[PDB]
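Only one chain is given next, in structure tokens, and it is the form deposited in one PDB entry.
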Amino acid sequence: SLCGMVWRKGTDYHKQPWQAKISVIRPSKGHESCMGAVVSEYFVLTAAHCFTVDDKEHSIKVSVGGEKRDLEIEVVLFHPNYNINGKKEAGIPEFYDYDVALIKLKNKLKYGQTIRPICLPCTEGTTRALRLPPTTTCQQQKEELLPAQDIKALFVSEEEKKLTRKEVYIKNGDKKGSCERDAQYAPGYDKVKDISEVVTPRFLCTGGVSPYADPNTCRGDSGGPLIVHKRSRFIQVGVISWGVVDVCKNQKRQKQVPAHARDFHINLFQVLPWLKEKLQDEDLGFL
């Protein structure tokens, strides 16, 4: 249960052993693939919108370690508050509030050099990972991980078993408001008279050109971990949920509005009661 560590100078899955690759079984435009994070021997954390609402369990395949093989999915647990149609009335055609889900594997993962768990917030694993005293509370972990500033973080993109680590900054200080307001640059979100209707307290915000030029996410990054890296340990603080510009299709638009091209991530500190409940038997030592 040594979480968030690399287990030589190897490649791809050796550097990011928690990454999980997800494919939609009956693909269409916008519903082709997603990412996830190994969080325990039986669980992969991802985004709820990666699944079909009906027969969730048979709607995706998931792989780890860069393997060809798909793992048997026993159950998919959606956060109970998630509803993509929740705000049609308000003219918001897709609502990503609470966009998290857990995949329960039928078989126990065997940890190795290419399959390892990432650390989750408010666990004893994260306390040990950050080398903090045993007096550490959930709130103190949040202060350590998400201070009120621009926070260096990272996420991972995959293509044909090739993983690419991209560095981003979480706008959690004086730029937070502006980060969130830029949701209005997303197609469909532009007519909505109050933007905090789309950007709820559940969301962290990355992207833009200040303080640095953050790379942006694509639809296929949905559900992958947003990670803070500290002294050789990796802690998940968010789940990639939605972006202002799909830069895998639409690099043109990002060059039009680069200062406002944001990505939005479900803040794991904001869904702790649910995480804690679903993962209570996983030996993660939730605080």
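Residue indices: 1-based, along the sequence shown. In this text, rigid core is short for the largest set of C-alphas that superpose within 1.5 Å between two forms.
One more form of this protein should be noted, the form deposited in another entry, which is absent from this view; the next part is about it.
In the core-superposed comparison between this form and the one not shown, the C-alpha atom of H58 has shifted by at least 2 angstroms.
The rigid-core alignment places the CA of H229 less than 2 Å apart between this form and the one not shown. For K161, the Cα coordinates differ by 2 angstroms or more between this form and the one not shown after the core has been superposed. Distance between the C-alpha atoms of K21 and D54: shorter in the other form than here (change of 3 Å or more). In summary, the C-alpha positions of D54 and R69 converge in the other form, ending up at least 3 angstroms nearer each other than in this conformation.
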